[PDB]
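Below: one protein chain in two forms, given as structure tokens, structure 1 then structure 2.
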Structure 1
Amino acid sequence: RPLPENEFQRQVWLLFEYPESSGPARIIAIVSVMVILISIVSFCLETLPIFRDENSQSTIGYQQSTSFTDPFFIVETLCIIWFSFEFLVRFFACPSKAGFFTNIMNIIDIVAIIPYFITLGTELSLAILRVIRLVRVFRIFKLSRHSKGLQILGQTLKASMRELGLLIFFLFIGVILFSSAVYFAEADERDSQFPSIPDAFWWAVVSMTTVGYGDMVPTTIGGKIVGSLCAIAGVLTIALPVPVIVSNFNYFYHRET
């Protein structure tokens, strides 16, 4: 990547892009990491009943007001201010403005920055607000800028898209098969825990993944046989694409050194 060459844009770009270049760059990287971690902790703690009950305060998790009495709103505002400053500096110092919005890291930053401003504009349909609150957890992906392992995992996911799709397709086929089998095998009972095939989807996904929650369990002998087959076939189906994905991850992992 070429330097900005402006003699001041280049300095800011080096400061905010390559932490190893200088001491100030390293401290800026550490500050950004700590800010992201603080934002994640605040987002997770907003949902605790201690603050939720003893308080807008539940639809968004923070009270948007000029006074800004709520500590959660203060922390979120500070984190969003830091994120906005960082993104604006990077966008103003990016040598290629046309190609700036193509990198996945900048899209991640924009996704982590939008919901706060969307809520602020709205304050100036309820499921939309819940979805906006839910997508506020995507700032955990802002750590991919400072973590090399996260970048390796992202490259592995990009390269192993076909294997992931094959795993999903095989899982769906097995889930449909075993859900139908267990619904029809355990249908002539009043104590049946499978009311329909779409409900048996939960049992199929739980059994194939070897999770075994136990909330839904077959009772009839045919149900038990179907459950055995579901467990074995789920083990096999999961184990088929996983070695390919792991080989891709190892190739991208040891490529660094």
Structure 2
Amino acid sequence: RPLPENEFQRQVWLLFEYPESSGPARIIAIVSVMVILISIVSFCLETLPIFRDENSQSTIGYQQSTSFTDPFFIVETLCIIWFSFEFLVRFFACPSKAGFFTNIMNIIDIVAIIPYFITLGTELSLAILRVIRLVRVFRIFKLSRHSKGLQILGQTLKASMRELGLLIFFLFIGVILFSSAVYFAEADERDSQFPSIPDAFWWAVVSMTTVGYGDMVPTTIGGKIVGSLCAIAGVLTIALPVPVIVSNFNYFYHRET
């Protein structure tokens, strides 16, 4: 039960525990939010056809160079430097080092920083590279550190795991059912847009969610009846656990007041 005796990490953590307490903490929070937003904007803009063409050493999406002529690389490195500085500052100033991984927002940053170390280690299947370049985008969720609403969203999704699982399960059941029905209904037609049941999965999903795309549509009377049933059942299926998820969100949203 003895005190830590460091007298500096605890002081910094107490100072940065209430960002509204002092001006410098609010300035730092604003700088962090602006840097996150700048990183998001740069990430989105890097994929434009004007810049992407004029950028393994090619499948990784970036080429390391000392000169760093690409402005997008410079901005990415600057944002990575700021993120690393913030992570180290919070890691060296947390009084509860053993329970440092209790905050989810820290796990998000550690997950975002793992791929760089993994790449460095493995440098000395193929879907891993695609999924890792995909997982790069999730520095968006680092906005949950400053946004209270996104924290309420996270708590709602954590407390509504069973209901969301039921939603996914009901959608899956209905999708297979109606895809099978519409594939067999329009099976004896050469103009049919449903070559197979897995292909009809896409139509079943875009009809059950009532999105409606028109890329694949029924053409037979039986196919159209199955499509009508698919739309009705999709409404009836989505509407069941959404109220429970909404009640959870309302609870975690009004819990503050």
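Under this definition, the rigid core comprises the largest set of C-alpha atoms superposing within 1.5 Å between the forms. Please note that residue numbering is based on structure 1, beginning with 1 at the start of its sequence.
Align on the core first; then indicate which of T77, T119, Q155, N106 has a CA shift of 2 angstroms or more between structure 1 and structure 2. Spelled out, the residue whose C-alpha shifts by 2 Å or more is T119.
Core-superposed comparison between structure 1 and structure 2, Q63 Cα displacement 2 Å or beyond: Yes, shifts by 2 Å or more.
Examine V244 after superposing the rigid core and state whether its CA is displaced by 2 Å or more between structure 1 and structure 2. No, because once the rigid core is superposed, the C-alpha of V244 moves less than 2 Å between structure 1 and structure 2.
Kindly check if the Cα atom of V131 is displaced 2 angstroms or more between structure 1 and structure 2 relative to the superposed rigid core. Passes the 2 Å threshold, so yes.
What is the C-alpha shift for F16 between structure 1 and structure 2, rigid core superposed, to one decimal in Å? Superposing on the rigid core gives a C-alpha shift of 4.1 Å for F16.
If you line up the core, how far does the Cα of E7 move between structure 1 and structure 2, in Å? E7 is displaced by 3.1 Å at its C-alpha.
Any chance you could measure the C-alpha shift of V206 between structure 1 and structure 2 with the core superposed, in Å? Its C-alpha shift, to one decimal, is 0.4 Å.
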